[PDB]
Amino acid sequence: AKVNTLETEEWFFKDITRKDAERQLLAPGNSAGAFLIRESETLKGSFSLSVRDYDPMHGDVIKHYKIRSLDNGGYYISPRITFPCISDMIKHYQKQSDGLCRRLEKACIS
């Protein structure tokens, strides 16, 4: 169920769009490594990870990763490692980048 709506998390931006996520992440109060989780604009329980990066060729750049939900419960960005919830996934990728453009550092500022 959802239920899984843990909007108690500082990094969860439920009803924000892709573009607004990019705009909020690129704001001056945030830096490279900033991130958020957002729900799909159409599909409930479908989520994305949005991450602020810095590329030597472009400026600040925002990268998006689709999060997949398995029907039995659980989440993954890479099928190499699944998590029992989004919050464990965040902690994992805060610990090591493990395929992402960089380690997750701070939640995007409200």
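The numbering used is simple: start at 1 and walk along the sequence shown.
*Asks:* Averaging C-alpha B-factors over each stretch, which comes out higher, 37-45 or 77-85?
*Replies:* Comparing averages over the C-alpha atoms only gives 37-45.
*Asks:* Quick check on the record: does 101-109 or 1-9 carry the larger mean Cα temperature factor?
*Replies:* In the deposited entry, the stretch with the higher C-alpha B-factor mean is 1-9.
*Asks:* Looking at the temperature factor on the CA atom of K63, which third of the chain's modelled residues does it land in?
*Replies:* It belongs to the middle third of the chain when residues are ordered by C-alpha B-factor.
*Asks:* Would the CA B-factor of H92 place it in the lowest, middle or highest third of its chain?
*Replies:* Its C-alpha B-factor, which the entry lists for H92, ranks in the lowest third among residues of this chain.
*Asks:* Looking at the entry's B-factor column for C-alpha atoms only, identify whether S50 ranks in the lowest, middle or highest third of its chain.
*Replies:* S50: CA B-factor falls in the lowest third of its chain.
*Asks:* Of the three thirds of its chain by CA temperature factor, lowest, middle or highest, which one includes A32?
*Replies:* Its C-alpha B-factor, which the entry lists for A32, ranks in the lowest third among residues of this chain.
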